[PDB]
Amino acid sequence: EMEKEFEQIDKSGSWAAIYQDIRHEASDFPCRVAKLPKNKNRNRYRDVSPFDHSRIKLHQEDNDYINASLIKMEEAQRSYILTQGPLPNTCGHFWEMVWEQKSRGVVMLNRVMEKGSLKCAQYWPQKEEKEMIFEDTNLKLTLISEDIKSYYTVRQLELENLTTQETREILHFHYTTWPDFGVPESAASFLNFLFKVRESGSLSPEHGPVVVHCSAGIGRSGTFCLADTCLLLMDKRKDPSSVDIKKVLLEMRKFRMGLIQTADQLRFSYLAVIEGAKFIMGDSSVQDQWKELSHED
């Protein structure tokens with residue numbers, strides 16, 4: 001059981017070994033398409049590639065490659081698309097993926113600039129009056145509104161398929177204070193953010209899979225997805241004891257490599273699931289407490 005295991009690991013100071021045990025057991029599958037020379041400029045990082053078997057294919061006859069993975073969680077009945085922060089040449093591909101996969105939400109866990117370097121392209125419009133047109137994929141993207149809180153921002157976007165003139169509302173959930181290779185400032189603020197994504201409908205089965213991304217789409221993105229799936233499994237059984245976080249993480253790593261990039265992100269995922277468990281087990285009041293402790297304004 002996870003809280004007992006948690007302490008045990010803390011008392012023995014063996015998070016580094018626990019986490020490397022996961023690295024050692026993690027699945028290895030080919031990433032042949034990702035490594036084709038014609039795709040070198042579609043990958044942000046050399047060592048982070050989607051497996052062929054789970055990669056998202058773009059619906060274009062030209063080149064269907066995007067660095068993005070479908071993480072399909074069978075028992076939990078939730079899917080996520082994890083992808084890298086779009087590149088200046090893949091912003092069109094990114095929104096084509098959102099359209100074709102029928103996603104409702106995009107979860108962004110990074111800032112455009114971190115540690116003095118550019119982690120992600122400016123792939124959405126920052127001003128209502130300056131909409132973006134992606135000419136390669138024939139899509140139009142308009143900022144409709146923005147709700148800025150102290151550590152995250154929610155944007156309503158309108159995505160238009162210029163070829164058919166259909167339009168969809170996309171919700172952009174932007175966590176702005178989660179450090180590159182780091183952990184959130186508290187269990188509360190992370191959980192407050194995840195539940196605001198949940199409350200929006202964008203994780204719902206009537207929509208396509210939520211699109212989750214950081215710079216590489218494995219570390220912060222993996223933490224977010226792992227905590228959500230753990231909480232959902234606990235919910236379906238009302239049985240915190242039945243949820244094995246390491247096994248859940250190993251199952252996710254069948255669909256994309258490298259999920260959870262540090263031992264402290266693993267430890268933080270335990271923290272988030274344990275705390276989140278209070279809400280799942282019937283204490284509705286904790287949600288409000290997280291909101292207060294998060295200091296969102």
# chains A, B, ... in the order shown; residues from 1 in each chain; ligands from 1
$ select_by_dssp --residues "region 88-160 of chain A" --states "alpha helix (DSSP H)" --output "ChimeraX atom specification"
/A:91-101
$ residues_around --residues "residue 32 (chain A)" --least-positions-apart "5" --cutoff "10 Å" --atoms "only C-alpha atoms" --output "list in words"
residues 49, 50, 51, 52 and 53 of chain A
$ write_last_selection --atoms "N, CA, C and O atoms" --output "CSV table (one decimal), in the first residue's frame"
chain,number,residue,atom,x,y,z
A,49,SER,N,11.5,9.8,-28.3
A,49,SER,CA,10.9,9.4,-29.5
A,49,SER,C,9.6,8.7,-29.2
A,49,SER,O,9.6,8.0,-28.2
A,50,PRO,N,8.6,8.8,-30.0
A,50,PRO,CA,7.4,7.9,-29.8
A,50,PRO,C,7.8,6.5,-30.4
A,50,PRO,O,8.4,6.4,-31.5
A,51,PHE,N,7.3,5.4,-29.7
A,51,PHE,CA,7.3,4.1,-30.2
A,51,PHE,C,6.4,4.1,-31.4
A,51,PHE,O,5.4,4.7,-31.5
A,52,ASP,N,6.8,3.2,-32.4
A,52,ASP,CA,6.0,3.1,-33.6
A,52,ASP,C,4.6,2.6,-33.3
A,52,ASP,O,3.6,3.0,-33.9
A,53,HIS,N,4.5,1.7,-32.3
A,53,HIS,CA,3.2,1.0,-32.2
A,53,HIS,C,2.1,1.9,-31.6
A,53,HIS,O,1.0,1.7,-31.8
$ closest_residue --among "A:2, A:225, A:248, A:191" --to "residue 286 (chain A)" --atoms "only C-alpha atoms"
A:191
$ residues_around --residues "residue 71 (chain A)" --least-positions-apart "6" --cutoff "10 Å" --atoms "only C-alpha atoms" --output "list in words"
residues 54, 55, 78, 79, 80, 81, 82, 209, 225, 251, 252, 253, 254, 255 and 256 of chain A
$ closest_residue --among "A:281, A:13, A:38, A:104" --to "residue 236 (chain A)" --atoms "only C-alpha atoms"
A:281
$ residues_around --residues "residue 257 (chain A)" --least-positions-apart "5" --cutoff "12 Å" --atoms "only C-alpha atoms" --output "number ranges by chain"
A: 22-31, 47-52, 54-55, 67-71, 82-83, 216-219, 221-222, 249-252
$ residues_around --residues "region 171-175 of chain A" --least-positions-apart "3" --cutoff "9 Å" --atoms "only C-alpha atoms" --output "list in words"
residues 104, 105, 106, 107, 108, 109, 110, 111, 151, 152, 153, 154, 155, 156, 157, 158, 178, 190, 193, 196, 197, 200 and 202 of chain A
$ residues_around --residues "residue 41 (chain A)" --least-positions-apart "3" --cutoff "12 Å" --atoms "only C-alpha atoms" --output "list in words"
residues 34, 35, 36, 37, 38, 44, 45, 46, 65, 66, 67, 86, 87, 88, 89 and 90 of chain A
$ write_last_selection --atoms "N, CA and C atoms" --output "mmCIF file, in the first residue's frame"
data_model
loop_
_atom_site.group_PDB
_atom_site.id
_atom_site.type_symbol
_atom_site.label_atom_id
_atom_site.label_comp_id
_atom_site.auth_asym_id
_atom_site.auth_seq_id
_atom_site.Cartn_x
_atom_site.Cartn_y
_atom_site.Cartn_z
ATOM 1 N N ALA A 34 10.206 7.530 -36.171
ATOM 2 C CA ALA A 34 10.765 8.730 -35.548
ATOM 3 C C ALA A 34 12.187 9.006 -36.009
ATOM 4 N N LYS A 35 12.958 7.952 -36.289
ATOM 5 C CA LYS A 35 14.374 8.056 -36.629
ATOM 6 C C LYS A 35 14.646 8.134 -38.129
ATOM 7 N N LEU A 36 13.622 8.099 -38.978
ATOM 8 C CA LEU A 36 13.854 8.301 -40.402
ATOM 9 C C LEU A 36 14.486 9.674 -40.643
ATOM 10 N N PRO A 37 15.449 9.779 -41.567
ATOM 11 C CA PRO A 37 16.093 11.086 -41.791
ATOM 12 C C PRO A 37 15.110 12.182 -42.156
ATOM 13 N N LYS A 38 14.036 11.874 -42.882
ATOM 14 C CA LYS A 38 13.109 12.941 -43.214
ATOM 15 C C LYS A 38 12.403 13.519 -41.986
ATOM 16 N N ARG A 44 12.218 17.262 -31.213
ATOM 17 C CA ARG A 44 12.874 18.308 -30.440
ATOM 18 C C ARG A 44 14.123 17.784 -29.747
ATOM 19 N N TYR A 45 14.068 16.542 -29.297
ATOM 20 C CA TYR A 45 15.127 15.897 -28.586
ATOM 21 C C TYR A 45 15.441 14.538 -29.188
ATOM 22 N N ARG A 46 16.717 14.348 -29.448
ATOM 23 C CA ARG A 46 17.299 13.158 -30.010
ATOM 24 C C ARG A 46 16.908 11.868 -29.277
ATOM 25 N N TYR A 65 4.162 11.904 -39.692
ATOM 26 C CA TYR A 65 4.907 11.776 -38.445
ATOM 27 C C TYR A 65 4.725 12.998 -37.548
ATOM 28 N N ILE A 66 4.414 12.749 -36.284
ATOM 29 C CA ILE A 66 4.547 13.757 -35.244
ATOM 30 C C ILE A 66 5.081 13.056 -34.005
ATOM 31 N N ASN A 67 5.893 13.768 -33.239
ATOM 32 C CA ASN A 67 6.430 13.201 -32.014
ATOM 33 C C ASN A 67 5.329 13.287 -30.962
ATOM 34 N N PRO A 86 5.717 21.786 -29.295
ATOM 35 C CA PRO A 86 5.824 21.964 -30.752
ATOM 36 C C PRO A 86 7.030 22.803 -31.142
ATOM 37 N N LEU A 87 7.551 22.516 -32.304
ATOM 38 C CA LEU A 87 8.664 23.226 -32.895
ATOM 39 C C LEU A 87 8.131 24.257 -33.876
ATOM 40 N N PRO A 88 8.937 25.249 -34.262
ATOM 41 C CA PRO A 88 8.425 26.275 -35.197
ATOM 42 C C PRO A 88 7.868 25.692 -36.485
ATOM 43 N N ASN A 89 8.321 24.508 -36.903
ATOM 44 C CA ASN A 89 7.832 23.865 -38.118
ATOM 45 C C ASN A 89 6.756 22.807 -37.865
ATOM 46 N N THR A 90 6.417 22.503 -36.602
ATOM 47 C CA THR A 90 5.409 21.483 -36.312
ATOM 48 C C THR A 90 4.160 22.034 -35.622
#
$ select_by_dssp --residues "region 18-78 of chain A" --states "strand (DSSP E or B)" --output "ChimeraX atom specification"
/A:55-57,65-73,78
$ atom_distance --atom1 "CA of residue 92 (chain A)" --atom2 "CA of residue 57 (chain A)"
13.8 Å
$ closest_residue --among "A:8, A:63, A:126, A:150" --to "residue 297 (chain A)" --atoms "only C-alpha atoms"
A:150
$ closest_residue --among "A:143, A:93, A:198, A:215" --to "residue 118 (chain A)" --atoms "only C-alpha atoms"
A:215
$ closest_residue --among "A:112, A:293, A:183, A:203" --to "residue 267 (chain A)" --atoms "only C-alpha atoms"
A:183
